[PDB]
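**Q** First, the structure itself, so that you have it in front of you.
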Amino acid sequence: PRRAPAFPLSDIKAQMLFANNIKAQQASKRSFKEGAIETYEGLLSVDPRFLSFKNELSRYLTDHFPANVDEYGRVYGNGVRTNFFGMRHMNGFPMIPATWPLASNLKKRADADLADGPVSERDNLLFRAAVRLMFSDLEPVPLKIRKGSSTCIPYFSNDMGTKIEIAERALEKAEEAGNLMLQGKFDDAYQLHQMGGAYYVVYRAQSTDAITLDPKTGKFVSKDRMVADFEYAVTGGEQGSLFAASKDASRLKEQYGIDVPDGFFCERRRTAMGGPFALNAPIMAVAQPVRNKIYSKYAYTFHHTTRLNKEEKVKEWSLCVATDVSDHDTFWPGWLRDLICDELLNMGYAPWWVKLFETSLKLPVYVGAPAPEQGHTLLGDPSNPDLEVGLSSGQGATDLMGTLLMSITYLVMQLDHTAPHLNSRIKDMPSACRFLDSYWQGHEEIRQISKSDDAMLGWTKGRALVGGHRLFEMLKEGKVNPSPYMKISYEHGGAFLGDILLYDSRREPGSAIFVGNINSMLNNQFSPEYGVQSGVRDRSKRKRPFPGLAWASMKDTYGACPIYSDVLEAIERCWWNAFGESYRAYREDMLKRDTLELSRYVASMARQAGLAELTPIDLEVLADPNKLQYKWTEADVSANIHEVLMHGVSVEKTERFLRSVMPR
Ligand SMILES: Nc1nc2c(ncn2[C@@H]2O[C@H](COP(=O)(O)OP(=O)(O)OP(=O)(O)O)[C@@H](O)[C@H]2O)c(=O)[nH]1
Ligand SMILES: [Mg+2]
């Protein structure tokens, strides 16, 4: 029932994705690679002392700090939600094979009993109202670019100067490209302006994943991760197979001479997609202004910073429901892309821009290396973009596409199961906008705090409260999906954007507090996703620019966890046993070295200026800028720090571009 076309690297369609330069040619051909990450300078993830440390620590902490999660998934007591065995992976060595990305998610959605469009007129008005509220009265801002990020297809440049030139040229030629696409001239738009082609698939590590200890055998068991073979991916699951990837690490001894202790596994690998930068630049020029609007006007629902910022909102609720979405990106509906595009057109957005936006969400995908002897295949024909992959991770507005889908999905759930008395407030477009604008500001008796697939749903006192409790009960039972749009359940140990909601004996939001997740501190410190990249001279271009700095923000981030001191002492004791060294002293030296190095990058910082002016967010972001992609935003970071990590295209060029896109 319609298989996606697939082309080998040798085919002209795939060759046209890679420019005649070394980096682009190497990206096309790069074979499956694996190896121990440099966890910290001079320390490999597979160092026997380090693995001994992880074995002792994971065992000790699980033993002394068992999970304290009630029947309703509320975390209490010690603030622990699971075992500490997630650290037991051979970081840098992936599970084999990684998945082939599904070319079409239509069958996947239909088989999961999810809708192929808005179910009712109300829902149609609410999704359209979300577009109207989000894309409205936008103010131009400079187009900010992450330092060291790739331009991907076709140039594969990491040079800031080249990236600035590409973005400026893209804003100049986006109209001409979009008009070519409106005429079905995708090849011309790509050939002339590099707008089109495909997403470049890279496989990224999820460094920690579920591991359990079988009491009967005393053997560890890793969580099975289902992967699609090539046949399954091109047929949207009609043919081929979906099977468990192998996390068995025994192979490392034979292949690499690495001693593998018992109960240590290969890492979970996730697909990540890099977009063609010339196509993303015009999209990002609108996406950043949208973020600024939603994080300002709709800050209640959308702008999340500290544990206290979150706590102030939640404390006022009579009921707090922490939801979970199954595989958000792969289930994300193409009908939403079409609805968004249709509404933008109705608002008066430039048709050429809407076509670029639509095209970015139908684009083919170039598969690199999921396993040895596999990959190097283009899925979909770039001459006529028609894929249904769900949400591509490298699309210029992915966060906004997930936020738009989910914010409405949760409101619909609250309407359907708890507040039918509010349905009369949604009669047409003006009333749908008025209602949504009030709801997003936290002015209704039904509330939410969300970001993409993470949310907390609230009820104050009122008519909807009783329904709220029935919905929570329905979730606990887990027999009926409460949504026609996505697979929704409750989170087993409710947390929001990394902070655990710690309840007391009362099990009420009013007396509950947000605390940092101690397990995330452990994940970040002992299982980083990337190595230190010691060979990359420019630290601002590394995946972990200043790792040592995280020690300075630790107490601020994690200090409120009931077991904070206990964990730090357990670390010290175990590190002493494994290395014969003080972990605290080791981290204090790393903090000193990184603080000194940082002044080289900050113009306001003198040769030995300390971290006095820096916030804990600034420090966490400098140690892990990936937190800027899922946890925080540009506005949450000090201005002098933002400039270390990003560079921008002038507001003059974006202002002129934006004027041509927008209705008014
Ligand atoms: N802990 C962690 N998660 C990440 C990171 N980068 C991306 N994620 C994503 O966050 C999700 C993992 O959830 P968890 O490890 O259980 O905890 P969390 O996302 O950090 O926070 P909560 O969902 O509020 O519980 C996946 O969808 C990941 O792809 C990272 O650096 N650290
Ligand atoms: Mg959650």
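Per Swiss-Prot, chain A residues shown: 2-665, in order.
Quick check of the header: X-ray crystallography, 2.9 Å.
In case you wondered, yes, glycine gets a Cβ from its N, Cα and C as well.
Below are the features I grabbed from Swiss-Prot:
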type	residues	note
BINDING	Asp454, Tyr491, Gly495	Mg(2+) binding site
**Q** Including all protein chains shown, what's the count of other C-beta atoms within 10 A of the C-beta of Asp454 (Mg(2+) binding site)?
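**A** Total other Cβ atoms inside 10 Å, all chains included: 21.
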**Q** Residues other than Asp454, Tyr491, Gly495 within 8 Å, Cβ to Cβ centroid, of the Mg(2+) site?
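**A** Everything else in range on the chain: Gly74, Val322, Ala323, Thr324, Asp325, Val326, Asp455, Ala456, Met457, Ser490, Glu492, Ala496.
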**Q** Validating a neighbour-count step here. Other CB atoms within 10 A of the CB of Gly495 (Mg(2+) binding site): how many?
**A** 24
**Q** Suppose we draw a 10 Å sphere around the Cβ of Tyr491 (Mg(2+) binding site). How many other Cβ atoms does it contain, all chains included?
**A** 21
